[PDB]
Structure formats: C-alpha cells, structure tokens
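I have placed the structure first, in the form of structure tokens, so that the comments after it can refer back to it.
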Amino acid sequence: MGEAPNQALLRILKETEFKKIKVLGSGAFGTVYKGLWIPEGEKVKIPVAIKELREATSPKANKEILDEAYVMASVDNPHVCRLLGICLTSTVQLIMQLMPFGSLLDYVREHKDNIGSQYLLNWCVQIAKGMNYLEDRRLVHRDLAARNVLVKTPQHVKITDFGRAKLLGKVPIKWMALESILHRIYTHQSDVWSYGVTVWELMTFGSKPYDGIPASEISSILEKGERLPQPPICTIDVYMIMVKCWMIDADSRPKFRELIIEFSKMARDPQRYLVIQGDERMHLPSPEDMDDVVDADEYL
Ligand SMILES: CO[C@@H]1CCN(c2nccc(Nc3cc4n(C5CCC6(CC5)OCCO6)c(C)cn4n3)n2)C[C@@H]1F
Ligand SMILES: [Cl-]
Ligand SMILES: [Cl-]
Ligand SMILES: [Cl-]
Ligand SMILES: [Cl-]
C-alpha cells in the first residue's frame with residue numbers, strides 16, 4: 001500500500017433499464033441525451049444524462065471515455081458529479097445524473113437580470129467545497145471553468161468534466177496557471193488559479209476571459225503582471241481574492257479550504273460584497289408518469 005486502494009464500484013447497466021427521451025447536446029465526443037433510468041426490481045425512476053460515445057467506436061475514444069468514467073465512479077461529494085454506471089453496448093454509454101438547468105456558464109448568461117449576490121457567493125462556496133474534496137481525493141481537475149460546473153437547481157451546483165483529471169494538446173490557456181502554460185506543471189494550486197477565473201466568469205455574468213487576446217500572448221501578459229479586470233459588481237474584497245488566486249508563487253495562492261471560509265463569511269452579508277442593482281428583489285427557480293421519480297442523490 002503506497003497509495004490507498006480505490007474501492008469504488010463500477011456498475012454495469014443493461015440498455016433495457018433506461019430510455020432516452022431527448023437530445024441535450026452533441027459534439028465530437030458523441031451525444032448527451034436526457035433519459036430516465038429505471039433499475040430492474042426497484043420501483044424507482046431516476047432522471048439521467050446519458051453520454052453516448054461518438055458512434056465511431058474507436059480504441060482511442062473508448063480509452064478516454066473510460067478514464068473519465070474511472071474518475072466519475074470514484075468521487076462521492078455533494079458538489080461533484082458522480083457516474084451512475086456504464087452500458088457496454090456497441091457504442092459505450094456513460095449514465096450520469098441529470099443536471100436539468102445546464103451549465104453554470106450558460107445559466108449566468110441567460111439569467112443575469114435575476115441573479116443576485118446571495119446566489120453568486122453561494123456558488124463560489126459550493127465550487128470551493130467540491131474542489132476541496134478533489135484535493136482531499138488527490139485529484140487535480142485541470143479544466144475547472146464555469147462551463148464545467150452544472151446546475152442541479154439554482155441553489156445547488158456541482159463540478160464535472162473529469163476528462164483532464166489526474167492524480168497527485170489543445171488546452172484551456174485562458175483558465176490555466178502560468179506554470180501550467182509555460183512548463184506543464186499542474187497542481188491543486190493551479191486549479192486555484194482556474195477557480196479565480198471561474199469566479200471571474202460568474203461575477204461578470206459569463207463574460208469570456210481575455211476576450212480578443214490571442215492565446216500565445218497570455219503567458220507574456222501574465223509575466224508582465226497583468227490580470228483580468230475588476231468586475232463591475234465586485235467590491236475590492238471579492239476581487240482581491242481573485243487576484244490572490246492569480247499569484248505567480250503558487251503557494252501564495254489561497255487554499256480551497258480558505259476560499260470556503262472567506263466566501264462563506266461573505267455569503268452571510270451578500271450586499272456588502274457584491275453590488276448588484278436590484279439585488280434585494282431577485283428571486284430564482286426552485287422546483288409525466290412520474291410518481292416514483294427519485295433523484296440520483298437520494299438513490300444510494
Ligand atoms: C461532453 O461531456 C460532458 C461530460 C460531463 N457532463 C455531465 N456530467 C455529469 C452529469 C451531467 N448531466 C447533465 C448535462 C446536462 N446538460 C448539458 C450540459 C452542457 C453539455 C451538454 C449536456 O454538456 C457539456 C457540453 O454541453 C443539460 C441541458 C442537462 N444536463 N444534465 N453532465 C456533460 C457532458 F456529458
Ligand atoms: Cl482516486
Ligand atoms: Cl468585464
Ligand atoms: Cl466597484
Ligand atoms: Cl486569503
């Protein structure tokens with residue numbers, strides 16, 4: 001025992017236990033469907049996202065989806081997405097929890113006129129909680145960004161996208177720490193950098209970081225000492241935390257546990273820390289042969 005044994009269970013599901021209802025999106029990875037999973041013998045209906053392979057089943061693609069599935073089967077935290085199982089059909093399918101409100105990036109862009117300070121600062125806490133869990137599990141995420149946080153409810157977000165994640169190419173330069181761009185060094189403290197950019201995406205309502213700058217210049221821009229600008233809604237309190245995440249010395253950046261502490265202090269008095277016009281009034285969502293629908297988080 002030099003590392004501890006990963007005693008996670010990989011569950012293999014029959015195709016007959018589930019049904020695809022609509023497509024939620026498609027890329028070069030394949031297709032995410034909305035479905036229901038109904039495990040045999042249990043009077044339980046579980047809403048799922050089924051990520052099917054690209055149909056072009058291929059040793060390289062099949063390798064990489066199973067690496068993602070390895071990590072997603074191995075995590076268990078309220079702010080991290082878990083895999084429910086695999087189906088080993090001709091195109092392999094990962095069965096995941098449905099996060100019905102989508103990515104947090106798209107959510108902030110769509111709902112900006114009704115997102116208030118309490119929600120933004122609570123999202124920051126939740127992402128810091130889930131990243132602190134990944135640090136405990138010894139996983140460096142390597143692709144933290146507001147695209148890769150999903151919304152179960154507006155009150156409940158989870159980190160996803162474990163397809164870069166590593167223990168202990170085309171790359172997302174504008175979320176990466178300087179050591180990662182220059183030297184390929186990745187650490188928990190380089191995910192802290194990306195957390196800073198992620199918070200910046202949220203507090204700017206989904207604005208693109210470094211918009212217009214070619215990715216070759218980013219490393220030189222950063223070496224010269226420039227960072228992303230203070231979002232309009234942000235007090236110096238919140239923005240100084242973003243700045244601290246973007247220090248050159250990685251050990252001078254905050255820990256995820258300290259981000260939990262700081263953002264949760266701020267979340268007890270939101271309007272002292274983010275200034276949003278109309279904040280006091282803003283009210284967001286809180287939610288069909290569907291008697292036996294249980295969410296995956298209650299199906300242990
Ligand atoms: C491209 O591989 C990723 C792997 C991670 N993923 C995921 N993990 C754990 C649960 C879950 N659940 C879910 C996803 C969605 N979506 C979208 C979100 C945005 C989207 C299309 C699917 O995924 C990213 C690109 O575009 C919607 C409208 C409802 N739910 N519920 N998804 C989403 C992808 F599969
Ligand atoms: Cl692990
Ligand atoms: Cl801006
Ligand atoms: Cl200001
Ligand atoms: Cl601090």
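Every chain in the structure tokens has a letter given in the order shown (A, B, ...), and although residue numbers restart at 1 in each chain, ligands are simply numbered from 1 in the order shown.
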Which residues are close to region 52-57 of chain A, i.e. within 6 Å by only C-alpha atoms, leaving aside same-chain residues fewer than 2 positions away? Reply as a PyMOL selection string. chain A and resi 29-31+91-93
Identify, on the basis of only C-alpha atoms, every residue whose closest approach to residue 283 (chain A) does not exceed 8 Å; exclude the query and any residue fewer than 2 positions from it along the same chain; express the result as a count of residues only. 4
May I have the residues within 8 Å of residue 203 (chain A) as a ChimeraX atom specification, using only C-alpha atoms and disregarding those fewer than 3 positions away in the same chain? /A:120,199-200,206,231,233-234
Could you turn the residues from that selection into a file that holds C-alpha atoms, as a short mmCIF file (atom, residue, chain, number, x, y, z; two decimals), in the first residue's frame?
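result19.cif was written with the following content:
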```
data_model
loop_
_atom_site.label_atom_id
_atom_site.label_comp_id
_atom_site.auth_asym_id
_atom_site.auth_seq_id
_atom_site.Cartn_x
_atom_site.Cartn_y
_atom_site.Cartn_z
CA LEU A 120 -23.17 34.16 -6.74
CA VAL A 199 -15.34 33.22 -10.13
CA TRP A 200 -14.48 35.99 -12.55
CA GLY A 206 -20.44 34.80 -18.23
CA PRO A 231 -15.86 43.02 -12.41
CA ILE A 233 -20.30 44.25 -9.25
CA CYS A 234 -17.22 43.33 -7.20
#
```
Please report, as a Markdown table, each residue of chain A lying at most 9 Å from ligand 5, together with the nearest pair of atoms and the separation in Å rounded to one decimal; use only C-alpha atoms and all ligand atoms, and order rows by chain and ascending residue number.
```
| residue | atom | partner | partner_atom_place_in_ligand_line | distance |
| --- | --- | --- | --- | --- |
| A:240 | CA | ligand 5 | 1 (Cl) | 8.8 |
| A:241 | CA | ligand 5 | 1 (Cl) | 6.6 |
| A:244 | CA | ligand 5 | 1 (Cl) | 7.3 |
| A:253 | CA | ligand 5 | 1 (Cl) | 7.9 |
| A:254 | CA | ligand 5 | 1 (Cl) | 5.4 |
| A:255 | CA | ligand 5 | 1 (Cl) | 7.9 |
| A:258 | CA | ligand 5 | 1 (Cl) | 6.1 |
| A:259 | CA | ligand 5 | 1 (Cl) | 6.9 |
| A:261 | CA | ligand 5 | 1 (Cl) | 8.9 |
| A:262 | CA | ligand 5 | 1 (Cl) | 7.0 |
```
For the selection you just gave me, I'd like the residues written to a file as a PDB file, in the first residue's frame, keeping N, CA and C atoms.
```pdb
ATOM      1  N   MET A 240      -9.904  41.088  -4.621  1.00  0.00           N
ATOM      2  CA  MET A 240      -8.613  40.771  -4.030  1.00  0.00           C
ATOM      3  C   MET A 240      -8.428  39.265  -3.834  1.00  0.00           C
ATOM      4  N   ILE A 241      -9.518  38.540  -3.576  1.00  0.00           N
ATOM      5  CA  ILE A 241      -9.442  37.078  -3.542  1.00  0.00           C
ATOM      6  C   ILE A 241      -9.158  36.486  -4.923  1.00  0.00           C
ATOM      7  N   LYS A 244      -5.485  37.149  -5.528  1.00  0.00           N
ATOM      8  CA  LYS A 244      -4.682  36.178  -4.791  1.00  0.00           C
ATOM      9  C   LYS A 244      -4.602  34.799  -5.456  1.00  0.00           C
ATOM     10  N   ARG A 253      -0.974  31.524  -3.393  1.00  0.00           N
ATOM     11  CA  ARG A 253      -2.407  31.484  -3.691  1.00  0.00           C
ATOM     12  C   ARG A 253      -3.156  30.827  -2.526  1.00  0.00           C
ATOM     13  N   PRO A 254      -4.445  31.122  -2.299  1.00  0.00           N
ATOM     14  CA  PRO A 254      -5.171  30.542  -1.173  1.00  0.00           C
ATOM     15  C   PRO A 254      -5.438  29.067  -1.380  1.00  0.00           C
ATOM     16  N   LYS A 255      -5.689  28.376  -0.281  1.00  0.00           N
ATOM     17  CA  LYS A 255      -6.181  27.013  -0.392  1.00  0.00           C
ATOM     18  C   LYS A 255      -7.682  27.026  -0.632  1.00  0.00           C
ATOM     19  N   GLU A 258      -9.676  27.693   2.417  1.00  0.00           N
ATOM     20  CA  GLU A 258      -9.698  29.082   2.855  1.00  0.00           C
ATOM     21  C   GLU A 258     -10.686  29.875   2.027  1.00  0.00           C
ATOM     22  N   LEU A 259     -10.803  29.518   0.752  1.00  0.00           N
ATOM     23  CA  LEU A 259     -11.858  30.046  -0.105  1.00  0.00           C
ATOM     24  C   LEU A 259     -13.261  29.715   0.386  1.00  0.00           C
ATOM     25  N   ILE A 261     -14.035  29.241   3.579  1.00  0.00           N
ATOM     26  CA  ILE A 261     -14.152  30.113   4.737  1.00  0.00           C
ATOM     27  C   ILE A 261     -14.469  31.552   4.332  1.00  0.00           C
ATOM     28  N   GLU A 262     -13.648  32.128   3.458  1.00  0.00           N
ATOM     29  CA  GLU A 262     -13.833  33.513   3.057  1.00  0.00           C
ATOM     30  C   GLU A 262     -15.126  33.782   2.316  1.00  0.00           C
TER      31      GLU A 262
END
```
Excluding same-chain residues fewer than 6 positions from residue 99 (chain A), what lies within 8 Å of it counting only C-alpha atoms, as number ranges by chain? A: 49, 150-153
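The nearest approach to ligand 1 among the residues A:187, A:180, A:207, A:97, with only C-alpha atoms and all ligand atoms taken into account, belongs to A:97.
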Provide the CA of residue 174 (chain A) to CA of residue 270 (chain A) distance in Å, to one decimal place. 28.1 Å
May I have a table of the residues of region 135-235 of chain A lying at most 8 Å from region 68-85 of chain A, giving each one's closest pair of atoms and their distance in Å to one decimal, counting only C-alpha atoms, ordered by chain and ascending residue number, as a tab-separated table?
```
residue	atom	partner	partner_atom	distance
A:137	CA	A:75	CA	8.0
A:156	CA	A:79	CA	7.9
A:157	CA	A:79	CA	6.3
A:158	CA	A:79	CA	4.1
A:159	CA	A:80	CA	4.8
A:160	CA	A:81	CA	5.4
A:161	CA	A:68	CA	7.7
A:162	CA	A:68	CA	5.3
A:163	CA	A:68	CA	5.0
A:165	CA	A:71	CA	7.6
```
Residues of the last selection are to be written out with N, CA, C and O atoms, as an mmCIF file, in the first residue's frame.
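Saved to again-v7.cif:
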```
data_model
loop_
_atom_site.group_PDB
_atom_site.id
_atom_site.type_symbol
_atom_site.label_atom_id
_atom_site.label_comp_id
_atom_site.auth_asym_id
_atom_site.auth_seq_id
_atom_site.Cartn_x
_atom_site.Cartn_y
_atom_site.Cartn_z
ATOM 1 N N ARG A 137 -9.151 13.981 -2.224
ATOM 2 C CA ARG A 137 -9.016 12.757 -3.004
ATOM 3 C C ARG A 137 -7.765 12.710 -3.867
ATOM 4 O O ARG A 137 -7.511 11.716 -4.543
ATOM 5 N N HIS A 156 -28.044 24.724 -6.150
ATOM 6 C CA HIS A 156 -27.161 23.565 -5.992
ATOM 7 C C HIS A 156 -26.366 23.287 -7.263
ATOM 8 O O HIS A 156 -26.917 22.794 -8.252
ATOM 9 N N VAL A 157 -25.062 23.554 -7.217
ATOM 10 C CA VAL A 157 -24.176 23.336 -8.359
ATOM 11 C C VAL A 157 -23.150 22.252 -8.038
ATOM 12 O O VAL A 157 -22.841 21.973 -6.871
ATOM 13 N N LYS A 158 -22.647 21.626 -9.096
ATOM 14 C CA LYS A 158 -21.666 20.550 -8.986
ATOM 15 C C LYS A 158 -20.619 20.667 -10.077
ATOM 16 O O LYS A 158 -20.948 21.023 -11.210
ATOM 17 N N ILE A 159 -19.381 20.322 -9.749
ATOM 18 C CA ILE A 159 -18.297 20.302 -10.733
ATOM 19 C C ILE A 159 -18.340 18.996 -11.526
ATOM 20 O O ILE A 159 -18.597 17.914 -10.977
ATOM 21 N N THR A 160 -18.062 19.111 -12.817
ATOM 22 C CA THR A 160 -17.986 17.970 -13.698
ATOM 23 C C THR A 160 -16.782 18.084 -14.616
ATOM 24 O O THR A 160 -15.930 18.961 -14.455
ATOM 25 N N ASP A 161 -16.733 17.159 -15.568
ATOM 26 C CA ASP A 161 -15.768 17.139 -16.654
ATOM 27 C C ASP A 161 -14.420 16.642 -16.186
ATOM 28 O O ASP A 161 -13.467 17.405 -16.048
ATOM 29 N N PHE A 162 -14.359 15.342 -15.930
ATOM 30 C CA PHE A 162 -13.139 14.730 -15.409
ATOM 31 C C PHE A 162 -12.253 14.156 -16.507
ATOM 32 O O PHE A 162 -11.445 13.258 -16.278
ATOM 33 N N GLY A 163 -12.331 14.741 -17.698
ATOM 34 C CA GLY A 163 -11.591 14.204 -18.827
ATOM 35 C C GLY A 163 -10.186 14.751 -18.981
ATOM 36 O O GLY A 163 -9.477 14.368 -19.910
ATOM 37 N N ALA A 165 -8.618 15.019 -15.720
ATOM 38 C CA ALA A 165 -8.245 14.939 -14.315
ATOM 39 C C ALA A 165 -7.169 13.897 -14.075
ATOM 40 O O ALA A 165 -7.176 12.823 -14.680
#
```
I'd like to know which residues of region 137-296 of chain A are helix (DSSP H, G or I) (by DSSP, run on the backbone); could you write them as an NGL selection string? :A and (146-148 or 173-175 or 178-183 or 188-203 or 215-223 or 236-245 or 250-252 or 256-266 or 270-272 or 279-281 or 296)
Take the selection from the previous step and output its residues with C-alpha atoms, as a compact mmCIF listing (two decimals), in the first residue's frame.
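This went into again_13.txt:
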```txt
# COMPACT_ATOMS: atom_id res chain seq x y z
CA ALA A 146 -17.77 27.82 -15.39
CA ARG A 147 -18.63 25.63 -18.40
CA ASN A 148 -17.71 22.62 -16.25
CA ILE A 173 -4.94 28.51 -21.85
CA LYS A 174 -7.14 31.31 -20.55
CA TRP A 175 -8.01 29.37 -17.36
CA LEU A 178 1.34 30.34 -15.61
CA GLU A 179 3.35 27.27 -14.59
CA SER A 180 0.85 25.14 -16.47
CA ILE A 181 1.16 27.22 -19.66
CA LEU A 182 4.93 27.54 -19.52
CA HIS A 183 6.01 24.23 -18.01
CA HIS A 188 -4.07 21.74 -6.74
CA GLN A 189 -2.85 25.32 -6.58
CA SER A 190 -3.10 25.63 -10.35
CA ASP A 191 -6.77 24.65 -10.03
CA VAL A 192 -7.00 27.56 -7.57
CA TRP A 193 -5.97 29.84 -10.46
CA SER A 194 -8.72 28.40 -12.59
CA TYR A 195 -11.14 28.88 -9.70
CA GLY A 196 -10.20 32.56 -9.80
CA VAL A 197 -11.04 32.72 -13.49
CA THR A 198 -14.24 30.74 -12.80
CA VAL A 199 -15.34 33.22 -10.13
CA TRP A 200 -14.48 35.99 -12.55
CA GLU A 201 -16.74 34.38 -15.18
CA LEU A 202 -19.58 34.27 -12.66
CA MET A 203 -19.16 37.84 -11.38
CA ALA A 215 -3.62 32.61 -26.50
CA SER A 216 0.07 32.94 -27.37
CA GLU A 217 0.16 36.33 -25.69
CA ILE A 218 -1.45 35.17 -22.43
CA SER A 219 1.77 33.92 -20.91
CA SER A 220 3.57 37.15 -21.74
CA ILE A 221 0.65 39.26 -20.45
CA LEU A 222 0.73 37.32 -17.20
CA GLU A 223 4.52 37.55 -16.86
CA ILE A 236 -12.27 45.05 -3.62
CA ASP A 237 -12.87 42.27 -1.05
CA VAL A 238 -14.07 39.77 -3.62
CA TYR A 239 -11.67 40.97 -6.29
CA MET A 240 -8.61 40.77 -4.03
CA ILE A 241 -9.44 37.08 -3.54
CA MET A 242 -9.45 36.61 -7.33
CA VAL A 243 -6.12 38.44 -7.50
CA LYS A 244 -4.68 36.18 -4.79
CA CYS A 245 -5.65 33.13 -6.89
CA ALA A 250 1.55 29.01 -6.32
CA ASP A 251 1.96 28.60 -2.57
CA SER A 252 0.99 32.24 -2.09
CA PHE A 256 -9.62 25.75 -1.37
CA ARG A 257 -10.42 25.38 2.33
CA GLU A 258 -9.70 29.08 2.86
CA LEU A 259 -11.86 30.05 -0.10
CA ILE A 260 -14.71 28.13 1.56
CA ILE A 261 -14.15 30.11 4.74
CA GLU A 262 -13.83 33.51 3.06
CA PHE A 263 -16.71 33.15 0.63
CA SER A 264 -18.99 31.77 3.34
CA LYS A 265 -18.28 34.78 5.55
CA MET A 266 -19.23 36.98 2.61
CA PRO A 270 -24.02 39.42 0.42
CA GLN A 271 -24.75 43.04 -0.37
CA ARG A 272 -21.64 44.16 1.45
CA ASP A 279 -30.37 42.72 -5.71
CA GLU A 280 -32.87 42.95 -2.87
CA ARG A 281 -35.72 41.84 -5.15
CA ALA A 296 -29.91 10.14 -8.07
```
Return as JSON, numbers by chain the full set of residues in region 35-151 of chain A whose backbone-based DSSP assignment is strand (DSSP E or B). {"A": [35, 36, 37, 45, 46, 47, 48, 49, 50, 51, 52, 53, 80, 83, 84, 85, 86, 87, 93, 94, 95, 96, 97, 103, 139, 140, 149, 150, 151]}
